[PDB]
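Note that the sequence shown covers residues 771 to 1256 in the numbering used here.
To start, the structure itself, in structure tokens.
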Amino acid sequence: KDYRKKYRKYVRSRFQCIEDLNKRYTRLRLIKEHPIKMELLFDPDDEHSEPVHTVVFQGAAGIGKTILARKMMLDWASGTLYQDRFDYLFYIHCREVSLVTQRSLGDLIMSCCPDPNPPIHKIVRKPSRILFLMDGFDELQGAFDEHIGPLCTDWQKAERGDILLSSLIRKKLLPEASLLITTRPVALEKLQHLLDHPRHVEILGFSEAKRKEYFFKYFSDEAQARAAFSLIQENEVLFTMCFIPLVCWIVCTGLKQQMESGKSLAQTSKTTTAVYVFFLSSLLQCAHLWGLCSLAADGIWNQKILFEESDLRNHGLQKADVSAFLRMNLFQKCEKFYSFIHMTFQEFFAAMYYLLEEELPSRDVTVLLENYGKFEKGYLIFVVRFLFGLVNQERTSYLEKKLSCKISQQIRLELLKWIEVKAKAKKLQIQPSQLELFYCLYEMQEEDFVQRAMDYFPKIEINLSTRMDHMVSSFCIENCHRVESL
Ligand SMILES: CN1CCC[C@@H](NC(=O)Cn2nc(C(C)(C)O)n3c(cc4sc(Cl)cc43)c2=O)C1
Ligand SMILES: Nc1ncnc2c1ncn2[C@@H]1O[C@H](COP(=O)(O)OP(=O)(O)O)[C@@H](O)[C@H]1O
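In structure tokens, the structure reads:
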């Protein structure tokens, strides 16, 4: 009662803005059964009439899972959301939770609290008044399998981080406490098996009117905001891709540098690889290109998303270099840890590690592909996708001229043999799907490669769900023509 006041005051200041104001927050399109009012998420809006205790938010990389979870904490602490339903909302940031370290649910709850000695026994008195907000399930570093056990039913017993979170998700630990898990659809395969009567909600990103809203929030000058949005409107691809809020931020940040220069506002970008290479080349006034890539490849191959001072100092990134990338919105920072500005940037530098000119992790693309779609290595969706785009010889920049074209050709051969094995195999059943291979060929864009690869698919068997799916598939199909077509 009196401690809840202190906790809400703490939550109000800790979730004040996007990093570490919430005026740049633009509404997200949330749809259920995967017009959703957040207050009604836990209501039994069915004939069940028994409250919903598990709510799953499935959203792709950069769609706004963390931003929605942070807005949730702030709105709740401000008496605007669930004022009547929950006494405490605990924010569990999955990228900080060790899956090996032995900790109890009490120790985890106390981790979310401001003071060293919180009234843990008083908090746990009414478990139904607690909402556990697990943000980024897919960011749990290491393996997470449904065979772990025994399951824990004591909030005070210290268990392995995987047993602990597994017992909380399965609703064995505080059975009637509420849960809000945000995950990428890829990890929804691991998750589904633990879930107890969950309510599924899909984060779809920005509406065509919310992309315009974002651009106008980003640029204070209305003349700049309208010129930036008109560029997107002119470019079919950038308009389509700007449904992902992270794409809206990357695009806006890139046009700011171009605006400061005085160059006629233009962005020809046709792929995610083109956008990522455009944003990165705008930062360049690179010297630590080997260091940045090895850090990301090591962080993907050895499951490190947060890097302390020692992790950066061994990769050649001294005090000044870290402070330059933090200022250039390449790195992020009261945790004494540093990470990439996003997970998709760590995957861009991991893909780039395999193509760098020589002048610690394994650069064998064969072993990288062997771990594709595996939870342990983070699924490697964007590593492989960016790898397809960067290998395209009919594309260059000052950044790409620093990549070895000899190993880029060898890797181009192995990516064709990978498509050939995936497509000409009925027994696959898991990632990559046919649509996912279509996204890879879309990053390639080169017609000699795309046409050779599309001749491996016997029949087109895909499920379209977005206008991005239509664009990608449309491109691959129009480059799939039978040899004797006359
Ligand atoms: C696992 N597969 C199965 C087949 C269908 C796949 N659909 C997509 O990937 C659709 N899509 N498209 C992109 C683009 C094309 C911009 O790269 N992005 C998405 C999130 C982010 S964050 C970011 Cl940077 C780019 C990006 C997104 O969801 C998912
Ligand atoms: N609703 C939103 N309004 C404004 N910006 C947003 C919103 N959602 C996401 N973003 C932008 O996307 C970036 C990454 O989003 P985030 O939620 O961290 O991604 P993920 O879905 O991987 O958790 C943020 O830093 C921000 O710039």
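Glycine included, every Cβ here is placed at the ideal spot set by N, Cα and C.
- Beta-bridge partners of residue 872 (DSSP): 930.
- In terms of Cβ geometry, residue 858 and residue 774 form a close pair [threshold 8 Å].
- Residue 903 has 861, 950 as its beta-bridge partners, per DSSP.
- Under the DSSP definition of a beta bridge, residue 1102 partners with 1109.
- For the segment 1086-1170, the full-length alpha helix (DSSP H) segments reaching 4 residues or more read 1089-1097, 1113-1123, 1135-1140, 1151-1160 along the chain.
- The three-state secondary structure of residue 1240, taken from DSSP, is helix.
- For residue 959, the CB stays at least 7 Å from every heavy atom of ligand 1.
- For residue 828, the beta-bridge partners assigned by DSSP are 953, 972.
- Around the beta carbon of residue 1125, 16 or more other beta carbons sit within 10 angstroms, so the residue counts as buried.
- By the beta-carbon neighbour count (other beta carbons within 10 angstroms, threshold 16), residue 1092 is buried.
- Taken atom to atom, the span from the alpha-carbon of residue 1009 to that of residue 860 is near 36 Å.
- A distance below 6 Å between beta-carbons, with the five flanking residues on each side excluded, links residue 841 to the following residues of its chain, in chain order: 795.
- Exclusion of residue 876 from the 7 Å shell around ligand 2 follows from its C-beta lying no nearer than that to any non-hydrogen atom of the ligand.
- A residue is called buried when at least 16 other Cβ atoms come within 10 angstroms of its Cβ; residue 1085 meets this threshold and is buried.
- The three-state secondary structure of residue 801, taken from DSSP, is strand.
- Here residue 1200 has 1143 as same chain residues with Cβ atoms under 7 Å from its own Cβ, once five neighbours each way along the sequence are excluded.
- Counting along the chain, the unbroken alpha helix (DSSP H) around residue 1015 starts and ends at 1015-1031.
- The C-beta distance from residue 1163 to residue 1178 rounds to 7 Å, short enough to fall under 8 Å.
- Rounded to whole angstroms, the Cβ separation of residue 875 and residue 944 is 7 Å, and the two are in contact under 8 Å.
- Here DSSP, grouped into helix, strand and coil, assigns residue 1173 to strand.
- Here residue 1228 is exposed. Its C-beta has fewer than 16 other C-beta atoms within 10 Å.
- The segment 1111-1131 and the segment 1151-1158 touch, with no fewer than 3 CB-CB distances between them shorter than 8 Å.
- Minimum Cα-Cα distance from residue 1219 among the listed residues 1002, 990, 898, 1246 corresponds to 1246.
- Under DSSP, residue 1077 takes part in a beta bridge, and its partners are 1108.
- For residue 958, the enclosing alpha helix (DSSP H) starts and ends at 958-962.
- Between ligand 1 and residue 952, a heavy atom-to-CB distance of less than 7 Å is absent.
- For residue 1159, the distance from the CB to the nearest heavy atom of ligand 2 is not below 7 Å.
- Nearest in C-alpha terms to residue 1210, of all of 1181, 1198, 1242, is 1242.
- Under the DSSP assignment, residue 1050 falls in the alpha helix (DSSP H) whose first and last residues are 1042-1053.
- At least one heavy atom of ligand 1 lies less than 7 Å from the C-beta of residue 1011.
- Shown here, residue 1228 sits in coil according to DSSP, grouped into three states, outside any helix or strand.
- If you check the C-beta of residue 1069 against ligand 2, you find no heavy atom less than 7 Å away.
- For a cut-off of 8 Å, the C-beta gap from residue 1001 to residue 1037 is around 6 Å, short enough to register as a contact.
- At least one heavy atom of ligand 2 lies closer than 7 Å to the C-beta of residue 984.
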